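Trainee: Protein chains in written order, with full-length UniProt numbering: chain E, 2 to 114; chain Y, 8 to 84; chain B, 14 to 24, 26 to 61; chain H, 2 to 57; chain P, 2 to 109, 111 to 130; chain W, 1 to 141.
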RNA sequence: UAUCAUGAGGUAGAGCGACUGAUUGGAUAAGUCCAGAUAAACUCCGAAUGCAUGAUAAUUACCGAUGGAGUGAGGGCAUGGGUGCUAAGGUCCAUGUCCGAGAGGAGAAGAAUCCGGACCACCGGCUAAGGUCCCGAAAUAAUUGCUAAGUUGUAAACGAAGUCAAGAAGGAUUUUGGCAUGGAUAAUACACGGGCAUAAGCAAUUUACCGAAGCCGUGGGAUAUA
RNA sequence: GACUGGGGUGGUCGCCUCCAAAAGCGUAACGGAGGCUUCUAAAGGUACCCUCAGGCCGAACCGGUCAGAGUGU
RNA sequence: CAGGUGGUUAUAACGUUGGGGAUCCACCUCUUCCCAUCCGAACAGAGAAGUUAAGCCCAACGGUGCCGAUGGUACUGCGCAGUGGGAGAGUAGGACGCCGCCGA
Ligand SMILES: [K+]
Ligand SMILES: [K+]
Ligand SMILES: [K+]
Ligand SMILES: [Mg+2]
Ligand SMILES: [Mg+2]
Ligand SMILES: [Mg+2]
Ligand SMILES: [Mg+2]
Ligand SMILES: [Mg+2]
Ligand SMILES: [Mg+2]
Ligand SMILES: [Mg+2]
Ligand SMILES: [Mg+2]
Ligand SMILES: [Mg+2]
Ligand SMILES: [Mg+2]
Ligand SMILES: [Mg+2]
Ligand SMILES: [Mg+2]
Ligand SMILES: [Mg+2]
Ligand SMILES: [Mg+2]
Ligand SMILES: [Mg+2]
Ligand code: NA
Ligand code: NA
Ligand code: NA
Ligand code: NA
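1. Okay, do the stretch 53-62 of chain E and the stretch 12-29 of chain Y touch, 3+ Cβ pairs below 8 Å being the bar?
2. Quick one: what's got a C-beta closer than 8 Å to residue 94/P's C-beta in the same chain, skipping five residues either side?
3. Given that residue 8/Y touches chain W, what residues does it touch there, using C-beta distances under 8 Å?
4. Helix, strand or coil for residue 42/H? Go by DSSP, reduced to three states.
5. Can you tell me the Cβ-Cβ gap for residue 110/P and residue 119/P, rounded? I've got them flagged as a contact below 8 Å.
6. Would residue 90/P pass as an interface residue toward chain W - the criterion being a Cβ-Cβ separation below 9 Å?
7. Can you list the residues of chain W that residue 52/P reaches, using a CB-CB cut of under 7 Å?
8. Residues of chain P with a CB under 8 Å from the CB of residue 99/W: which are they?
9. Whose Cβ in chain W lies nearer than 7 Å to the Cβ of residue 55/P?
10. Taking CB distances under 9 Å as the criterion, tell me whether residue 37/W reaches chain P.
11. By a C-beta neighbour count over all protein chains shown, 10 Å radius and 16 as the cutoff for buried, is residue 80/Y buried or exposed?
12. Does the Cβ of residue 50/Y have 16 or more other Cβ atoms within 10 Å, making it buried, or fewer, making it exposed?
13. So, with DSSP's three-state summary, where would you put residue 39/P?
14. Just the C-alpha distance for residue 46/B and residue 16/B, rounded to the nearest angstrom, thanks.
15. Below 7 Å on C-beta distance, what does residue 132/W contact in chain P?
16. Would you please verify whether the beta carbon of residue 32/W is less than 9 Å from any beta carbon of chain P?
17. So who's on the other strand from residue 73/W, going by DSSP bridges?
18. Is the Cβ-Cβ distance between residue 102/W and residue 34/W less than 9 Å?
19. Quick one: does residue 20/W have its CB under 9 Å from some CB of chain P?
20. Quick check on residue 26/W - is its C-beta less than 9 Å from some C-beta in chain P?
21. Are the beta-carbon atoms belonging to residue 8/E and residue 98/E less than 9 Å from one another?
22. In this structure, does DSSP put residue 43/W in helix, strand or coil?
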């Protein structure tokens with residue numbers, strides 16, 4: 002059982018309940034062994050409204066603070082695009098750790114959810 | 008001699024009640040079924056006995072997806 | 014061994031009627047249920 | 002654009018839907034003639050009762 | 002190893018047309034394979050003698066009146082269940098390339115030989 | 001007597017035989033055979049009598065295939081029994097056949113011996129029959 | 001009712017190396033492989049019809065509420081089935097239809113097979129099914145074949161092939177078609193309804209004609225809509 | 001007491017499922033087959049996380065090919 | 001040069017052969033804290049020691065799956081196979097996906 006399929010099953014389970022529209026877009030997160038990527042998606046159109054990542058962003062050496070910086074950045078980008086309400090998508094990851102910091106920072110920013 | 012048979016239960020009147028293309032009001036029953044012969048889709052709810060009903064008002068749509076899975080949805084407005 | 018069970022201790027009074035297997039659950043069943051008289055959740059116990 | 006349809010055989014022992022098709026065409030007696038604009042619905046009626054009628 | 006056959010063109014299709022064709026003692030036949038669309042035609046029960054025959058007579062040269070001339074082999078034959086009469090013949094057109102697999106009669111370890119017309123890959127026939 | 005070793009259901013509804021046989025109408029496994037021209041229920045006793053005839057002929061040479069198998073149970077009521085009160089007593093198995101179905105096949109004997117043996121077998125069957133030979137057969141040798 | 005548009009099917013058929021039962025040969029107890037094959041309670045498939053909704057078209061009585069009922073022993077035929085023995089003028093369902101509650105015509109005579117739904121009168125005409133030698137209305141009409149058995153004009157396995165065609169292999173052999181022939185059979189006296197007919201039989205084609213209470217014509221009423 | 005291919009004897013009488021049922025629903029027989037007269041304080045709710053059964057290799061464990069298992073009845 | 005996330009019912013899947021790597025993904029290194037299982041295998045965290053070996057992506061391959069004509073046949077509506085509807089299997093063949101948005 003590859004970790005890819007293990008996460009694909011959980012992704013299907015999460016999408017079974019969570020879907021994004023122009024209002025309340027889906028906030029999906031990709032982790033990888035380094036960096037972290039955040040995307041704001043309107044699912045009925047299949048079109049991304051906002052995005053943020055840590056590829057060109059570096060402030061500390063620890064992924065938790067880097068994820069917090071990404072969360073602040075995506076909150077800023079969403080509020081500039083005119084987004085106030087979202088629904089979080091785990092994207093097959095347990096809601097704990099770097100993704101938890103990202104979501105908490107996005108809460109400290111805008112994105113009332 | 009005698010026969011050991013002769014029993015049968017009442018028929019349950021299952022099946023599709025509102026076909027694709029028809030207009031359905033909210034709360035109308037679309038399908039009576041045992042299990043999910045047809046799965047609920049957009050604006051369609053499923054009850055305890057797997058009865059499919061409309062959550063809005065619109066036109067009933069039957070669609071087929073992967074593994075020939077049948078979905079019943081409601082297109083509104 | 015399955016029988017009617019009455020939950021009580023309301024405030026008239028608040029009652030709930032359920033079932034249980036007495037051999038499986040010899041001890042008295044006690045659950046928190048909504049109390050219509052007090053409009054809050056109170057502990058009901060089998061009489 | 003118009004056809005004349007004459008009933009040439011009896012409707013006795015014919016199915017009720019064929020009898021109702023004769024009624025919808027307007028044929029209620031033998032050798033009666035009706036004139037209709039040859040629309041697809043009229044032609045489908047004539048096809049349904051073709052063994053009872055004649056196009057004159 | 003070369004049969005000759007000629008075909009009357011066929012343009013009517015269906016149970017009615019096939020019945021009309023067969024009433025006057027002829028067989029509907031189709032030819033397909035390779036490039037180009039298929040050819041529908043009519044042959045005669047007397048004209049077919051490669052069917053009631055011991056050997057696998059490859060290289061049926063067909064001249065269709067409405068079409069050109071082709072070299073094919075027998076691909077499928079339909080028989081009537083009760084009368085055992087021939088009701089339909091389908092021919093596969095063999096080309097220079099694209100080898101065609103067929104059945105070749107066996108004598109005692112022998113064969114009839116398929117090198118020309120068809121390329122190779124002969125399976126067997128009456129392998130008892 | 002041919003009959004299934006085990007069966008899921010003891011009784012069967014008496015169905016209907018409709019048209020021509022679209023399978024088993026062509027000589028496979030053999031060179032000569034006999035096809036039915038009627039629709040009937042063939043019993044195991046008839047099949048065994050016909051096979052005994054075709055095997056007593058041909059001497060010990062050749063091979064014989066029987067291509068139908070009786071797997072339809074039938075019942076009979078019995079004398080003095082009125083209509084109703086369920087199914088009667090089981091009375092064996094039958095094979096339902098329609099015209100075109102090949103019943104018997106032979107291989108390994110000359111044309112005349114095959115024709116005579118299949119005639120003998122066909123005379124013990126309850127259906128009129130047609131004798132057939134494979135179309136690529138060579139009349140000599 | 002028809003047409004068009006849209007939708008869900010699991011029947012007929014088919015298939016099973018898609019499953020579950022049954023299963024036949026093999027090439028190598030077990031398994032693989034090849035091949036052949038089966039099913040109301042098998043399905044990898046899957047029609048024709050039917051059904052639901054909407055819009056057009058043609059065409060007449062479809063729903064609300066109220067007053068009065070009768071019926072709740074059905075039957076035959078065709079089709080799809082169960083049961084029975086793929087028996088019954090048998091029995092149990094389904095879909096139509098007719099008798100019931102329906103007269104008239106043909107079939108010799110027959111509840112529901114074939115034609116056809118009777119307001120009354122007529123010493124008028126055209127037709128249906130079916131017929132045109134006499135009983136008995138209308139062709140001893142026209143043309144071309146077949147039958148020799150009065151077959152006909154209203155049962156089989158299995159023989160011989162009597163005759164006429166259409167062929168195939170090589171005067172003989174063999175195959176496919178039409179019509180006859182044997183198999184063919186109980187008790188008051190028999191049958192094409194009868195006479196009788198070699199066509200006045202069978203197959204085909206044509207033209208006239210006969211033929212009902214059907215249709216039209218003439219006179220006379222009645223019941224509803226406009 | 002009734003049903004009942006006369007009546008009696010025998011069997012049956014309410015509910016559930018399949019087939020008979022003719023691809024919507026419905027549809028009979030003393031037609032063909034089986035069940036029920038309960039159970040679970042978790043076998044209910046929710047968040048999260050898992051995946052049976054079978055064949056082979058090695059010696060309950062390892063390995064990789066694979067809807068058959070379960071869902072109290 | 002690979003990443004993320006979607007639509008289209010595998011013509012899209014599986015597989016075999018071959019090739020990648022400054023970063024992108026991944027394998028990989030260690031369990032102090034968050035967290036987890038008899039087991040840091042999975043889950044979770046810490047930042048860069050080495051690898052394209054495997055995942056992943058690309059290319060060729062018609063191999064296993066998948067799709068699939070035309071013609072014919074089965075079946076079937078019209079109370080006659082006269083007039084309409086028309087499979088399944090099989091055979092020709094096809095197919096190693098096609099369309100979006102974001103980031104580099
Ligand atoms: K009745
Ligand atoms: K008579
Ligand atoms: K076809
Ligand atoms: Mg039921
Ligand atoms: Mg069938
Ligand atoms: Mg009564
Ligand atoms: Mg009654
Ligand atoms: Mg009766
Ligand atoms: Mg009466
Ligand atoms: Mg009547
Ligand atoms: Mg006249
Ligand atoms: Mg006269
Ligand atoms: Mg007479
Ligand atoms: Mg009159
Ligand atoms: Mg009684
Ligand atoms: Mg039904
Ligand atoms: Mg039906
Ligand atoms: Mg097909
Ligand atoms: Na019943
Ligand atoms: Na006589
Ligand atoms: Na297929
Ligand atoms: Na096919």
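We put the CB at the ideal spot given by N, CA and C, even for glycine.
Mentor: Short version:
1. Not touching, per the Cβ criterion.
2. For the purposes of this step, residue 94/P is taken as the residue at position 93 of the fifth chain. Here the set comprises 32, 33, 34, 35, 71, 72 and 73.
3. As a first step, residue 8/Y is located in the second chain; it is residue number 1 there, counting from the start. Here the neighbours are 85 and 86.
4. Stepping through the fourth chain from its first residue, residue 42/H is reached at position 41. The answer is helix: DSSP assigns residue 42/H an H, G or I state.
5. Residue 110/P cannot be located in this model; chain P continues from 109 straight on to 111.
6. For the purposes of this step, residue 90/P is identified with residue 89 of the fifth chain, where counting begins at 1. So, not an interface residue.
7. Along the fifth chain, one-based indexing puts residue 52/P at 51. 135, listed in chain order.
8. Locating residue 99/W in the sixth chain gives position 99, where the first residue counts as 1. Close to residue 99/W, with beta-carbon spacing below 8 Å, are these residues of chain P in chain order: 82 and 83.
9. On the fifth chain, residue 55/P is found 54 positions in, with the first residue counted as 1. Among the residues of chain W, those whose CB is under 7 Å from the CB of residue 55/P are 136 and 138, following chain order.
10. On the sixth chain, position 37 is the one that residue 37/W refers to. Yes - at least one Cβ of chain P is within 9 Å of the one on residue 37/W.
11. What you label residue 80/Y is simply residue 73 of the second chain in a count that begins at 1. Residue 80/Y is buried by the Cβ-count criterion.
12. In the second chain, residue 50/Y corresponds to position 43, counting from 1. The residue is buried, with at least 16 neighbouring Cβ atoms inside 10 Å.
13. Locating residue 39/P in the fifth chain gives position 38, where the first residue counts as 1. Here residue 39/P sits in coil by DSSP.
14. On the third chain, residue 46/B is found 32 positions in, with the first residue counted as 1. On the third chain, residue 16/B is found 3 positions in, with the first residue counted as 1. Near 20 Å, if we compare the C-alpha coordinates of residue 16/B and residue 46/B.
15. Taking the sixth chain and counting its residues from 1, the one referred to as residue 132/W is at position 132. Under the 7 Å cutoff, chain P gives 85.
16. Numbered from its first residue, the sixth chain carries residue 32/W at position 32. Not an interface residue.
17. Here residue 73/W refers to the residue found at position 73 of the sixth chain. Bridge partners of residue 73/W: 93/W.
18. Translated into the one-based positions of the sixth chain, residue 102/W becomes position 102. Translated into the one-based positions of the sixth chain, residue 34/W becomes position 34. Taking 9 Å as the Cβ cut-off, residue 102/W and residue 34/W qualify as a contacting pair.
19. Within the sixth chain, numbered from 1, the residue matching residue 20/W stands at position 20. Yes, because at least one Cβ of chain P sits closer than 9 Å to the Cβ of residue 20/W.
20. Stepping through the sixth chain from its first residue, residue 26/W is reached at position 26. Residue 26/W counts as touching chain P.
21. By 1-based counting over the first chain, the position of residue 8/E is 7. By 1-based counting over the first chain, the position of residue 98/E is 97. Against a cut-off of 9 Å, the Cβ pair of residue 98/E and residue 8/E comes out as no contact.
22. For the purposes of this step, residue 43/W is identified with residue 43 of the sixth chain, where counting begins at 1. Three-state result, residue 43/W: strand.
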